[PDB]
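A short worksheet on the structure shown next.
Coordinate-derived values only; no laboratory data. Here the Cβ positions follow ideal geometry from the backbone for every residue, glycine too, while neighbour counts run over all protein chains shown.
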Amino acid sequence: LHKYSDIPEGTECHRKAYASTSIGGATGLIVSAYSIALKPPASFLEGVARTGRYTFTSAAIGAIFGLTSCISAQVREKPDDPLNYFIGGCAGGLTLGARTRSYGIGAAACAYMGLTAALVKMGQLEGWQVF
Amino acid sequence: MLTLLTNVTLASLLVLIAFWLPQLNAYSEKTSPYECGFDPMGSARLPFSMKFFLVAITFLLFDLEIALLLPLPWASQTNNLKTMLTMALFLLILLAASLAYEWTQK
Amino acid sequence: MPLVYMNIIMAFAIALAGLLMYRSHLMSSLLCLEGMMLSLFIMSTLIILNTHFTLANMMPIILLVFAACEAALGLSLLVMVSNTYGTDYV
Amino acid sequence: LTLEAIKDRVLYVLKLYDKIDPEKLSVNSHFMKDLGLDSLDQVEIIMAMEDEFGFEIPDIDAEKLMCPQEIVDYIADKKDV
Amino acid sequence: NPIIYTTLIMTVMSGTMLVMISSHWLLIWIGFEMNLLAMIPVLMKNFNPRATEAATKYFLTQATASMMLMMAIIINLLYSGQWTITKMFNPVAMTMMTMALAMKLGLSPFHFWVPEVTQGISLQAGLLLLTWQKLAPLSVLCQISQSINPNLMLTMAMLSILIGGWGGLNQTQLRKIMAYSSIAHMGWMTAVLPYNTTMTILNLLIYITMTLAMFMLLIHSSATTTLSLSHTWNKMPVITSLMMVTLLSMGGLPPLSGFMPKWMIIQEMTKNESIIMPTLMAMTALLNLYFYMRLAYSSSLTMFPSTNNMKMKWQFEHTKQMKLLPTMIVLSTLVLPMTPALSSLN
Amino acid sequence: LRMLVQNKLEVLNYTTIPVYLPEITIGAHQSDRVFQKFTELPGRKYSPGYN
Amino acid sequence: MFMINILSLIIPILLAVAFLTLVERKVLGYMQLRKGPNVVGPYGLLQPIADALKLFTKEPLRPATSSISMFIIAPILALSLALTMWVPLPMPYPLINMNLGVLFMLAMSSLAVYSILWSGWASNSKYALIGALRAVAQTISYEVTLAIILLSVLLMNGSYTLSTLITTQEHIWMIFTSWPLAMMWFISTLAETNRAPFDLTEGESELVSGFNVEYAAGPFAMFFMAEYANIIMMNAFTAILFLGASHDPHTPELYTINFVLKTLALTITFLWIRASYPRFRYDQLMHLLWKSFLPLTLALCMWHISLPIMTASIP
Amino acid sequence: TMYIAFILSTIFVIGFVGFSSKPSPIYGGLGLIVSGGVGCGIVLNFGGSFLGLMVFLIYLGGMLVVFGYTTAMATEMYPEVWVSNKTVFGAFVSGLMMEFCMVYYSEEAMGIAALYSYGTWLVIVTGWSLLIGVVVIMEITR
Amino acid sequence: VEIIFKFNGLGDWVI
Amino acid sequence: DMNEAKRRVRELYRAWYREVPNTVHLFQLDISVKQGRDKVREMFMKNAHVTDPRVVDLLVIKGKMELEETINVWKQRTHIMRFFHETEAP
């Protein structure tokens, strides 16, 4: 995360997008891990099918989020306000919307993932301590 | 370690000269398990008994106790026996006490 | 820390992972737990032998006791579960 | 459990069986009055079919027979479908 | 026979008191260890095919927990040669002592055993399990609050509240619900622990008083499954008419006593900034409240249809009164304008 | 077993099991009313020694 | 040249178990009036080697049902430990001066019976399993009292080292001091070694040669052989531990000349027990122990804990 | 030097590799036997001989026997050897590669005698504990 | 050793 | 009267038939698993003309004891293989 943190600003969109892809991949492996742990897949090939699913999905979400965010930064060139992430936030849900093949879940995911990201940026701006 | 190795190698040597020597014909039914003549009604399964563990566990919990008894010969030479002696008796009482409790709860 | 200690610690980590991979009839788990116990014992005793921290020469044996003690208890529960089934965790 | 599953299975087990040639097969037709199979075969195939449906057939129901379909009706009577 | 049962329960009391006394670590691990052996048999009274595997669950998890704990102690000693409690001197060890204790409290995601185990035993052994067993591990956490790695603590402290929520909306039979209630309050105790232990101990006292109120009531009515509780409104209306209140005090509606914990906790954490965490926490505590409310609907506020056979039972007064109960209700409710007295706990 | 013989509601404890067959079960109104009537009796408002 | 010393410890003892077998049939014979083996000797003497040759020559089948690995590894362990227990034994000079080799004698003795458990487990047969199981019962049941009474007789020698146990017997002998514990030690050696009245592991008529059955030629020779190793060895152990002797360092050999007498005098007695008593049955075998031996072992134990303080006679 | 204590640690660890894999409790009992003797040897190398012989006596001479009883109560026909399943054997290999990667990478006398005179408290709680443990065994089996 | 925490290496005797 | 006894015998056929694979399994018989069944049917054909009242029920009395024996592992491989007369010269 420290790697991803040194954006800087939004310069070199790829450098950032790779890192976000990395984080999304990590969380995908964790979710896959507990899912396999608590929902015994039966027939292990199905299990790797499952983990391939989640891993690829979360990695995708991270990628698209990262690059849309940095691109918006390098295009609007505002570039520091929280809304700059929010599009990517809104974008992220759509990615999630695509794999699930459902307008509903994609629609909700757009809004909430967007607001979450916006709060994150707002937090970097304000030094909110969470822990 | 040397005597361990010579002993084990000795025994293993006896094994190898035990098998690779008579040099004769093994065959089926000769190799079938013994059952005082007539064939077994079934392979060994479950000779279950509470009366096994009901005491064997008590073995285990005495053996742990004697494990504490062992330091005693050396502890006997401590500078302050009155501080010790009660305990030297104490555990034994409980050992006995434990047994006593078992003795009569059937 | 000398490599030997690292090796015993790793034997602990395996003595745990074995407990948690956890499969079929559970008697294996009481074994794996006792193995875990033994690794902690040895790892303790090597230390008390190391620094000549003499009083603590008493601990490992005492450790052993209770640890063995709980395992001694554990079989009893297994009996009961064995009593109604012929054991399996399944 | 539709009645069709029951019938399909009855005749399935009776098609798997040897004395009943596929040509010999006929649902309404009385199982003995038409089929040339030995009387023991009733018992063998019924015990197999009930081996599929799983419940023991009391042999008063072996005294049912009449038609295989009436036995299917009894299977409906037990399944209560 | 009672003469043995009482010796067991007293050696449990001793097996915890020992943790609360000794400074040396080895006596603490002995404290838990003795506590365990004396805890299992009391779960096995009456004895059921069910109860047996209940105890199997409990023992299996407590044993592995105690194991990890002793390992982490030994590692601490390896890297500082001490036995006194104090600060630990090696984070790789410290996180494991936190884990071991995390099982001992039943905090999530280690929590899964607690709802199950509660199901397997009678409300007596149940209550005792959800109160007395919660003392010792907290009794050591208060002593190692000084060096805790707060991140690791707040994460389990939160996740205990979410899991203590969502798994609470789903169940019917009360014991499993009481399990998710407790598993949820422990999130609130262990949350504030890094910041200020006195708030923890306050919250602990309220929790114990509360769950004593409930389990004494369930005992008084011998209700279990929710429907079984539903009938009680006609027979001895008072006690259902009192489960309502104690439930609301679980819910922490503000005049009631159960609000005192949360509202001190929110204070403490707020001094630390950390402003977001209590907001999420307090918001989820609502979700915790909701199944207390639904359970209230089954019971007192509305009358599920009575069964006929109940009528003869009307003639027969309940017996074997439990003396300690009325005070456990009242303290767990009305005490709110007596928060400041919390400073007695210094 | 002797403890079970005393405190008879316990021996009765499972006789009021909720299974909700239409013939046994009673709607809340009739039950609330009839029990409201049961209290009307001289010896039932309170535990017997107190009344 | 330590190796030739070891070899010098291992060959003579195996010879001793062979001739032990022959003596067994001899004495145990004359108790029966009937003469023992004789015709092949002239005094029977050549017999045991003819016997062993008859065994090893004979085919040792690998049972179809048995798992093979355990089935082979068990005998190995039996002779192994049966021999290994001999090393720290002061004759007068121990081959090894263990600081606490007595405790080690207990260690070897305690891993001994585990081999019996495998011997009956891998054998797969019904008789194998049942007999092996009861075997392990009697064995452990006797090792507890075993080790306690050995402790209590060791409080007074001073320490666990063996050579000192000579020094502490430069006059009176331990036995006059604490014979009742010597009785219980004797009988515990009479059961731990699985002998005459405590006969169950072999089972014999009760269970047609017990656990040992499915083993055929060589492995059977190993369990048989190892069994006699333990018998002579616990006998020697009792001898040094309860029967002291004069020991001039300048002539160690003199002492040994005495020692083999004092131990042989024990081993013969087991045989003269074998000719005398019917076996106990698995209930009573454990009854007399848990009910009757043990409490005395404790009372005697506190007593022996307490003498050195009251007598001010600490070793 | 010989590194003999260390190679003993290695055999120890594989003793837990074949042990922690879970192929019928009996063979695991073998696993703790091997790891047991290796253990007492390793602690013997520092010369805490009394302790190594405690474990070689109290543990292996006690425990694994009583486990040699549980299997009589459990067993089930056709117990599995280490080779008898892909996950078990896979597990054993799984341990071997890891530990191999790692390889690729008297005071005592009075010290324990002190337990009685100088440390009565532990004696009290151990006595009490074991006693009431016997009571627990009663109150479960009865 | 880089794993978990550092293992100082070399022979056992040294300590 | 007849027929009441015929049902008995059918019951008996059910019992024998279903038991047979267990017989081949437990006894390690290498007869074709079918063959025993067929041979059973044949033995059932051997008295397939008996017509007396009591004699047939008496026949199922003598028929019970045999399955009674094979189920109790009484008789043996020899004893149960005996029916096939396999060593006889044609």
Taking N as the number of residues in chain J, the ratio of its alpha carbon radius of gyration to 2.2 N^0.38 Å works out to 1.15
Summed over the other residues with a beta carbon less than 15 angstrom from that of E:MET178, with K and R at +1 and D and E at -1, the charge totals +3
The distance between the Cα centres of the stretch E:180-222 and the stretch G:251-315, in whole Å, is 61
Here the net charge surrounding E:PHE291, from other residues whose Cβ is less than 14 Å away from its Cβ (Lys, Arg +1; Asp, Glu -1), is +3
Given E:197-206, E:322-331, the highest-first ranking by average Cβ count within 10 Å works out to E:197-206, E:322-331
Two pseudo-spin positions, 7 Å from Cα along C-beta at E:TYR5 and at D:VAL27, lie apart in nanometres by 6.5
Extension length gain for H:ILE7 and H:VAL81 (0.36 nm per residue less Cα distance), in nm, is 24.1 nm
Rounded to 0.05, the calculated FRET efficiency for the beta carbons of G:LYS35 and G:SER205 at R₀ = 22 Å is 0.35
A:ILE30 and B:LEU54 label points (each 7 Å along its Cα→Cβ direction) are spaced in nm at 5.3
Here the residues of the stretch E:297-317 lying in the modelled label zone of F:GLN36, meaning backbone nitrogen under 14 Å from a point 7 Å along Cα-to-Cβ, are E:303
tail above 18 Å in the computed P(r) of the stretch E:19-72, as % of all Cα-Cα pairs, reads 40
Here P(r) for chain H, Cα-Cα distances in 10 Å bins, as whole percents, is 10, 26, 30, 23, 10, 1
Taking only Cα atoms of chain E, the Rg to Rh ratio with Kirkwood Rh works out at 0.97
Percent relative contact order for the stretch E:58-174, counting Cα pairs under 8 Å at least six residues apart, stands at 30
Taking Cα pairs closer than 8 Å and at least 6 residues apart, the relative contact order of chain J in percent is 38
Expressed in angstrom and ordered largest first, the alpha-carbon extents of chain G along the principal axes are 64, 46, 43
Over 32 Å (Cα to Cα) among E:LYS104/E:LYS271; F:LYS8/F:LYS37; E:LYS104/E:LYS313; A:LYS16/A:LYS39; D:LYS24/J:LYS75; E:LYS176/F:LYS37 -> E:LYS104/E:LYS313; A:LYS16/A:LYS39; D:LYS24/J:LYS75; E:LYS176/F:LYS37
Debye calc, one equal point scatterer per Cα of the stretch G:145-251, no solvent, log10 I(q)/I(0) at q = 0.11, 0.13, 0.14, 0.23 1/Å comes to -0.47, -0.61, -0.67, -1.21
Computed, not fitted: 222 nm per-residue ellipticity of the protein assembly as shown from DSSP H runs ≥ 4 (each -39500 (n - 2.57)), nearest 500, equal to -21500 deg cm²/dmol
If each part is reduced to its alpha-carbon centroid, the stretch H:114-140 and the stretch G:65-111 end up apart, in Å, by 32
Once the in-chain neighbours fewer than 8 apart are removed, the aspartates and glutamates whose Cα is under 14 Å from B:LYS106 read H:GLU139
For the stretch G:1-149, using Cα atoms only, the Rg and Dmax in Å read 18.7, 49
Mean projected area (nm²) from the convex hull of Cα positions in the stretch B:34-105 is 8.4
Expressed as a whole number, the average count of other chain Cβ atoms within 10 Å around the Cβ atoms of E:221-229 is 2
Counting every C-alpha pair in the protein assembly as shown, the percent lying more than 53 Å apart is 43
In nm, the gap between the two label points placed 7 Å beyond Cα toward Cβ at B:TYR27 and A:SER5 is 8.1
In nanometres, the difference between 0.36 nm per residue of separation and the alpha-carbon distance of E:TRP166 and E:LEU205 is 11.6 nm
One finds, for E:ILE275 and I:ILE15 with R0 = 41 angstrom and r their Cβ-Cβ distance, a FRET efficiency to the nearest 0.05 of 0.25
In this structure, the FRET efficiency calculated for G:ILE257 and G:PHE2 from their beta-carbon separation, with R0 = 22 Å, to the nearest 0.05, is 0.35
Mean other chain Cβ within 10 Å across D:17-24 is 0
Here the relative contact order (percent) of chain G, from C-alpha pairs under 8 Å and at least 6 apart, is 23
Rounded to a whole number, the mean other protein chain Cβ count within 10 angstrom for residues of H:28-37 is 4
Ranked output for segments F:23-35, A:73-85, G:230-242 by mean other Cβ atoms within 10 Å, highest leading, reads G:230-242, A:73-85, F:23-35
Packing-ranked peptide list from E:166-176, J:32-42, G:189-199, highest mean Cβ count within 10 angstrom first, is G:189-199, E:166-176, J:32-42
